[PDB]
Amino acid sequence: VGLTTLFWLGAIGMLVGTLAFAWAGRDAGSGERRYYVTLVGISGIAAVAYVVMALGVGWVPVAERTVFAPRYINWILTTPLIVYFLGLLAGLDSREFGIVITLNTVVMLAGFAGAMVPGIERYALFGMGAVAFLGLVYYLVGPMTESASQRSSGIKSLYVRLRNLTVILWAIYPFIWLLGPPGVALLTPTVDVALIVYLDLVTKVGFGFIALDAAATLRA
Amino acid sequence: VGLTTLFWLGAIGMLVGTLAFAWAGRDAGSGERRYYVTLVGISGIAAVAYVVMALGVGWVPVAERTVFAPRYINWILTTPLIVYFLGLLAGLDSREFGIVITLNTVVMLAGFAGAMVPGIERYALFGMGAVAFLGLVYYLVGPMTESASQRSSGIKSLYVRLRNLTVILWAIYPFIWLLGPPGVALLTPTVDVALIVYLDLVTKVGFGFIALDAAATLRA
Amino acid sequence: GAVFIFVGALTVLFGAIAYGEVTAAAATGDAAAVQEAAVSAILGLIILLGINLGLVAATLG
Amino acid sequence: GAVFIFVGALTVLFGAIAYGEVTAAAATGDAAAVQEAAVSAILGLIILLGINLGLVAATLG
Ligand SMILES: *C/C=C(C)/C=C/C=C(C)/C=C/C1=C(C)CCCC1(C)C
Ligand SMILES: *C/C=C(C)/C=C/C=C(C)/C=C/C1=C(C)CCCC1(C)C
């Protein structure tokens with residue numbers, strides 16, 4: 001397979017999620033609709049980003065490697081929606097939501113800026129992203145879990161399951177940054193792209209399917 | 001690592017199991033003792049087999065490959081003890097026990113004979129081993145599971161867990177036979193040896209630890 | 001229970017991709033190039049295990 | 001919960017072994033030899049995933 005084939009696979013998997021989430025969503029109440037819409041934005045945006053890369057756009061040369069701008073741009077746009085979805089489940093306050101979205105955005109911006117820096121100082125930017133990510137994990141497993149524990153059993157149960165998926169899989173991305181083209185380039189561009197397609201698909205579409213499966217059991 | 005290093009690792013892991021099983025066994029009743037003794041035989045025999053291979057004995061040349069006689073001989077001796085342990089949990093009858101031990105032994109003998117045959121007809125012997133293994137799986141998940149379902153909840157629960165470990169992991173061995181030196185030799189001798197060490201350790205020592213952990217919870 | 005067939009099938013697909021890069025590198029006669037492709041395959045497969053385990057733990061844990 | 005650290009650590013140990021065979025084959029300049037070692041590494045790592053998943057499913061499923 002080539003890079004563009006993998007990008008096409010990403011785009012299609014994301015489209016399948018989006019379609020599934022949109023249609024599952026025709027069945028929802030006032031308080032439920034926001035969850036389905038959020039899943040549609042997450043996978044819909046990622047679907048378009050993958051089309052962009054597949055069409056050969058945003059392949060930025062950085063020294064002797066290629067970093068995919070749409071990769072990082074779509075994370076910047078979609079990860080706050082994932083955190084938003086989780087914060088809705090947890091029953092988060094206005095202020096604490098601002099804190100997690102900020103931390104999230106620092107991670108994504110730092111990783112994007114780092115991928116763009118040819119010199120060794122890109123690792124300092126990575127480092128800042130990594131520290132912010134640890135702060136993010138703390139909120140997810142600490143304060144946000146405390147808030148979620150006050151909700152109904154079905155909601156608490158979905159939060160913990162999506163929280164665990166999120167915490168474990170999001171922790172893998174920085175290692176791929178370090179081992180792939182942005183870091184020491186031990187992963188080929190193709191393997192790097194395949195892993196991120198898979199990871200993007202699970203953290204968005206898998207996440208969504210898990211939510212769809214629980215939501216159906218709760219209301220009915 | 002070399003082959004002998006891996007064999008030494010096998011021997012040591014098996015020894016650790018044996019020691020753990022012997023000592024856990026000082027706490028057991030009349031009806032319990034047979035379980036601990038069975039675990040000691042399983043890991044104890046495998047420990048000695050691994051010492052034998054580590055010492056460079058039983059490395060049999062077959063055409064342009066090397067098959068480890070002690071590998072298959074120790075399976076022949078220890079797998080019936082594993083089936084015996086499971087049949088005790090299931091509450092098996094005298095006759096049905098004879099059936100599963102027979103099927104088990106056919107698998108192990110066929111695989112040993114096949115590994116020894118230079119020509120293409122070794123795959124017919126493999127085939128006979130494979131059909132017997134399917135019959136074995138049937139008893140494990142069918143009749144033996146039916147018998148186990150009649151016992152106390154704690155016993156039924158351990159049987160199912162050890163049954164699942166056994167059925168899934170034992171199913172992997174034939175693929176290693178086919179892909180390793182006995183078959184098409186796509187796995188190097190070293191990788192072949194590493195996988196079997198790991199698999200032997202989990203199906204004996206992991207199996208044993210699972211049993212130790214449940215037995216403690218039941219009596220106390 | 002299906003999650004396991006998703007993971008098992010994705011793993012073979014990933015293996016096939018990695019295998020393709022090894023054989024392509026092989027076609028050159030450049031040992032270092034095959035090594036490069038193989039090191040990538042090994043790290044990638046290790047990472048893939050983490051992803052699959054994370055998925056499994058998260059849904060069935 | 002510890003089963004996951006057993007599996008994760010065993011995987012890196014297995015990876016290191018496979019990596020050693022690739023670099024050894026590399027030291028020869030024989031591309032086909034590295035390919036041979038790499039194909040073994042890939043299949044072995046796929047098989048290792050099955051073993052780890054079987055272990056995990058069996059104990060936590
Ligand atoms: C749908 C996309 C997802 C869930 C993307 C998740 C990406 C991350 C968790 C990235 C994390 C990073 C760090 C923790 C350190 C700096 C480098 C990053 C951006 C790769
Ligand atoms: C402690 C040792 C164990 C649990 C060994 C298990 C070995 C097997 C389940 C072997 C199975 C085989 C077949 C199903 C087909 C023929 C080839 C064999 C013997 C490798």
# chains A, B, ... in the order shown; residues from 1 in each chain; ligands from 1
call {"tool": "interface_residues", "arguments": {"of": "chain B", "to": "chain D", "cutoff": "7 Å", "atoms": "only C-alpha atoms", "output": "list in words"}}
result
residues 1, 161, 164, 165, 168, 169, 186, 187, 188 and 191 of chain B
call {"tool": "interface_residues", "arguments": {"of": "chain D", "to": "chain C", "cutoff": "6 Å", "atoms": "only C-alpha atoms", "output": "list in words"}}
result
residues 26, 29, 30, 31 and 38 of chain D
call {"tool": "write_last_selection", "arguments": {"atoms": "C-alpha atoms", "output": "compact mmCIF listing (two decimals), in the first residue's frame"}}
result
# COMPACT_ATOMS: atom_id res chain seq x y z
CA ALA D 26 22.13 -7.04 8.37
CA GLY D 29 25.16 -7.51 3.53
CA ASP D 30 22.84 -10.29 2.38
CA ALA D 31 19.48 -8.58 1.74
CA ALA D 38 12.28 -9.88 9.20
call {"tool": "residues_around", "arguments": {"residues": "stretch 96-103 of chain B", "least_positions_apart": "4", "cutoff": "12 Å", "atoms": "only C-alpha atoms", "output": "PDB file with C-alpha atoms, in the first residue's frame"}}
result
ATOM      1  CA  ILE B  76       3.173 -35.987  25.591  1.00  0.00           C
ATOM      2  CA  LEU B  77       3.800 -36.305  29.347  1.00  0.00           C
ATOM      3  CA  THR B  78       2.361 -33.005  30.596  1.00  0.00           C
ATOM      4  CA  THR B  79      -0.669 -32.267  28.407  1.00  0.00           C
ATOM      5  CA  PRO B  80      -2.541 -35.328  29.765  1.00  0.00           C
ATOM      6  CA  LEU B  81      -1.928 -33.898  33.265  1.00  0.00           C
ATOM      7  CA  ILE B  82      -3.469 -30.593  32.128  1.00  0.00           C
ATOM      8  CA  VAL B  83      -6.501 -32.407  30.722  1.00  0.00           C
ATOM      9  CA  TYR B  84      -6.683 -34.405  33.965  1.00  0.00           C
ATOM     10  CA  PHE B  85      -6.700 -31.191  36.025  1.00  0.00           C
ATOM     11  CA  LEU B  86      -9.551 -29.829  33.858  1.00  0.00           C
ATOM     12  CA  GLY B  87     -11.505 -33.097  34.052  1.00  0.00           C
ATOM     13  CA  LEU B  88     -11.242 -33.052  37.846  1.00  0.00           C
ATOM     14  CA  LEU B  89     -12.702 -29.552  37.846  1.00  0.00           C
ATOM     15  CA  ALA B  90     -15.452 -30.572  35.415  1.00  0.00           C
ATOM     16  CA  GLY B  91     -16.323 -33.585  37.563  1.00  0.00           C
ATOM     17  CA  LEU B  92     -15.736 -35.995  34.696  1.00  0.00           C
ATOM     18  CA  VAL B 107      -2.588 -34.882  18.977  1.00  0.00           C
ATOM     19  CA  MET B 108       0.778 -35.003  20.708  1.00  0.00           C
ATOM     20  CA  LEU B 109       1.941 -38.259  19.135  1.00  0.00           C
ATOM     21  CA  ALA B 110       0.885 -37.168  15.621  1.00  0.00           C
ATOM     22  CA  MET B 128      -4.567 -36.282  11.948  1.00  0.00           C
ATOM     23  CA  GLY B 129      -3.282 -34.366  14.976  1.00  0.00           C
ATOM     24  CA  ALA B 130      -5.434 -31.392  13.951  1.00  0.00           C
ATOM     25  CA  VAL B 131      -8.633 -33.427  13.623  1.00  0.00           C
ATOM     26  CA  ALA B 132      -8.024 -34.999  17.045  1.00  0.00           C
ATOM     27  CA  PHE B 133      -7.452 -31.515  18.487  1.00  0.00           C
ATOM     28  CA  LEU B 134     -10.850 -30.356  17.164  1.00  0.00           C
ATOM     29  CA  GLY B 135     -12.409 -33.394  18.874  1.00  0.00           C
ATOM     30  CA  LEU B 136     -10.568 -32.375  22.058  1.00  0.00           C
ATOM     31  CA  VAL B 137     -11.895 -28.814  21.866  1.00  0.00           C
ATOM     32  CA  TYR B 138     -15.412 -30.216  21.402  1.00  0.00           C
ATOM     33  CA  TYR B 139     -15.201 -32.185  24.659  1.00  0.00           C
ATOM     34  CA  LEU B 140     -13.720 -29.192  26.477  1.00  0.00           C
ATOM     35  CA  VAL B 141     -16.441 -26.761  25.378  1.00  0.00           C
ATOM     36  CA  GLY B 142     -19.277 -29.270  25.048  1.00  0.00           C
ATOM     37  CA  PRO B 143     -19.593 -32.321  27.366  1.00  0.00           C
ATOM     38  CA  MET B 144     -16.934 -31.201  29.854  1.00  0.00           C
ATOM     39  CA  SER B 147     -20.453 -31.502  33.535  1.00  0.00           C
TER      40      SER B 147
END
call {"tool": "select_by_dssp", "arguments": {"residues": "stretch 4-163 of chain B", "states": "strand (DSSP E or B)", "output": "ChimeraX atom specification"}}
result
/B:59-62,65-68
call {"tool": "write_last_selection", "arguments": {"atoms": "N, CA, C and O atoms", "output": "PDB file, in the first residue's frame"}}
result
ATOM      1  N   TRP B  59      18.507 -32.543  20.254  1.00  0.00           N
ATOM      2  CA  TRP B  59      18.423 -31.726  19.046  1.00  0.00           C
ATOM      3  C   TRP B  59      18.557 -32.648  17.841  1.00  0.00           C
ATOM      4  O   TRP B  59      19.662 -32.953  17.410  1.00  0.00           O
ATOM      5  N   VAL B  60      17.432 -33.097  17.299  1.00  0.00           N
ATOM      6  CA  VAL B  60      17.446 -34.073  16.211  1.00  0.00           C
ATOM      7  C   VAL B  60      17.428 -33.420  14.824  1.00  0.00           C
ATOM      8  O   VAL B  60      16.507 -32.668  14.500  1.00  0.00           O
ATOM      9  N   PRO B  61      18.442 -33.715  13.993  1.00  0.00           N
ATOM     10  CA  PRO B  61      18.418 -33.214  12.616  1.00  0.00           C
ATOM     11  C   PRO B  61      17.414 -33.983  11.760  1.00  0.00           C
ATOM     12  O   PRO B  61      17.398 -35.215  11.763  1.00  0.00           O
ATOM     13  N   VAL B  62      16.576 -33.241  11.047  1.00  0.00           N
ATOM     14  CA  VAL B  62      15.564 -33.803  10.159  1.00  0.00           C
ATOM     15  C   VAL B  62      15.648 -33.004   8.865  1.00  0.00           C
ATOM     16  O   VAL B  62      15.280 -31.825   8.832  1.00  0.00           O
ATOM     17  N   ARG B  65      16.563 -29.171   8.879  1.00  0.00           N
ATOM     18  CA  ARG B  65      16.117 -28.483  10.074  1.00  0.00           C
ATOM     19  C   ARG B  65      16.420 -29.269  11.339  1.00  0.00           C
ATOM     20  O   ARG B  65      16.918 -30.394  11.295  1.00  0.00           O
ATOM     21  N   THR B  66      16.123 -28.646  12.469  1.00  0.00           N
ATOM     22  CA  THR B  66      16.310 -29.271  13.763  1.00  0.00           C
ATOM     23  C   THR B  66      14.994 -29.278  14.526  1.00  0.00           C
ATOM     24  O   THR B  66      14.376 -28.229  14.742  1.00  0.00           O
ATOM     25  N   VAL B  67      14.554 -30.473  14.900  1.00  0.00           N
ATOM     26  CA  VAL B  67      13.379 -30.609  15.747  1.00  0.00           C
ATOM     27  C   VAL B  67      13.804 -31.057  17.137  1.00  0.00           C
ATOM     28  O   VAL B  67      14.699 -31.891  17.304  1.00  0.00           O
ATOM     29  N   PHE B  68      13.168 -30.480  18.138  1.00  0.00           N
ATOM     30  CA  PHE B  68      13.548 -30.735  19.518  1.00  0.00           C
ATOM     31  C   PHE B  68      12.717 -31.853  20.106  1.00  0.00           C
ATOM     32  O   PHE B  68      11.577 -31.648  20.495  1.00  0.00           O
TER      33      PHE B  68
END
call {"tool": "decode", "arguments": {"residues": "stretch 27-55 of chain B", "atoms": "C-alpha atoms", "output": "compact mmCIF listing (two decimals), in the first residue's frame"}}
result
# COMPACT_ATOMS: atom_id res chain seq x y z
CA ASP B 27 -2.24 -25.40 52.45
CA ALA B 28 -4.66 -27.99 51.03
CA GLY B 29 -7.23 -30.59 52.07
CA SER B 30 -7.63 -34.24 51.09
CA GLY B 31 -9.73 -33.33 48.07
CA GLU B 32 -7.48 -30.38 47.16
CA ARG B 33 -4.04 -32.02 47.28
CA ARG B 34 -4.41 -33.74 43.90
CA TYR B 35 -4.71 -30.35 42.17
CA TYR B 36 -1.47 -28.99 43.59
CA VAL B 37 0.40 -32.23 42.95
CA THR B 38 -0.83 -32.20 39.34
CA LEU B 39 0.47 -28.63 38.84
CA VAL B 40 3.84 -29.67 40.31
CA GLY B 41 4.14 -32.57 37.86
CA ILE B 42 3.18 -30.40 34.89
CA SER B 43 5.72 -27.64 35.53
CA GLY B 44 8.32 -29.97 37.09
CA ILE B 45 8.45 -32.23 34.03
CA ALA B 46 8.60 -29.23 31.68
CA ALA B 47 11.41 -27.74 33.79
CA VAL B 48 13.50 -30.88 33.30
CA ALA B 49 12.72 -31.05 29.57
CA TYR B 50 13.97 -27.46 29.18
CA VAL B 51 17.19 -28.29 31.05
CA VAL B 52 17.68 -31.21 28.65
CA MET B 53 17.34 -28.95 25.58
CA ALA B 54 19.46 -26.24 27.19
CA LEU B 55 22.21 -28.84 27.73
